[PDB]
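**Q** I would like the atomic coordinates for the input below:
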Amino acid sequence: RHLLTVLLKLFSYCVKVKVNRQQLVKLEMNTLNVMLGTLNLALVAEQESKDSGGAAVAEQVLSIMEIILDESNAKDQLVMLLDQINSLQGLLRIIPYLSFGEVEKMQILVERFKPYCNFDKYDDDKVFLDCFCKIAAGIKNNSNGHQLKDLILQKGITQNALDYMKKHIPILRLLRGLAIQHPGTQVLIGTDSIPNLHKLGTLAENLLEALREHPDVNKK
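**A** Numbering: from 1, shown residues only. Here you go, the structure:
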């Protein structure tokens, strides 16, 4: 415990150097993998033993991993990952990184979230839905990211929310989250929701603006 805390403090001090950030970002370091393994060990320690100090270590690991991911911006274990996730948002961001593997695990999480998609039931399930919206916001613009976006479109929960809103014309969170790098979703939104979206409501305006990145959508 003490050695781990000291090493964490040292790495925390070290990360504050952009040169150190670049040096660590070197793939030869494979730092992100080591960090993920350490985070998994810390998660095991915290879940098996709450108040064992693993929480602070996990927070430090999350901050460091976030810094490393920002610097980079310049799936079997994902089972246990989502399991721990059941018990902050940096974990949601990390989930896509581990999701750059077997799309079977991607569909596993897609289904795990699809359970909380009972719209009339929602209006734990709310917590899962909010987490799903946050992860949708966290959808990365990658090849596997776009593949998973197309897969989630095939999941049709988007169409489910579309039907729910259409019946409920007087929610947009995951819509705006998926509104990035999903031209098919842009077309689906602009097909008929353009009138109702225009009729509105701040979140609706924000989602409409996000979809307006699509040019034909902005035309409407």
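
**Q** CA atoms for contacts and neighbours, from now on please.
**A** Noted.

**Q** How about stretch 117-131, which residues are buried there?
**A** 117, 118, 119, 128, 129, 130, 131 (16 or more other CA atoms under 10 Å).

**Q** got the contact list for residue 210?
**A** The contact partners of residue 210, by CA atoms under 8 Å, 6 or more residues apart in numbering, come to 176, 179, 180.

**Q** Most neighbours among those, which one?
**A** Compared across these, residue 179 has the highest neighbour count, 25 neighbours, by other CA atoms under 10 Å.

**Q** Could you find the closest non-adjacent residue to it?
**A** residue 211 (5.7 Å; CA to CA, 6 or more residues apart in numbering).

**Q** List the contacts of the one you found.
**A** 176, 179, 180, 186, 189, 217, 218 are the contacts of residue 211 under CA under 8 Å, 6+ apart.

**Q** Return the distance of it relative to residue 183.
**A** 9 Å (CA to CA, to the nearest Å).

**Q** among the buried residues of stretch 117-131, which are in helices?
**A** Mapping the buried residues of stretch 117-131 onto helices (DSSP state H) picks out 119, 128, 129, 130, 131.

**Q** Take those and lay them out in CSV including distance to residue 172.
**A** Converted to CSV, those look like this (distance: CA to CA, whole Å):
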residue, distance to residue 172
119, 12
128, 16
129, 12
130, 11
131, 14
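
**Q** Buried residues, stretch 206-214. List them.
**A** 207, 208, 209, 210, 211, 212, 214.

**Q** actually stretch 13-20, not the one I wrote
**A** Within stretch 13-20, the residues scored as buried using 16+ other CA under 10 Å are residue 15.
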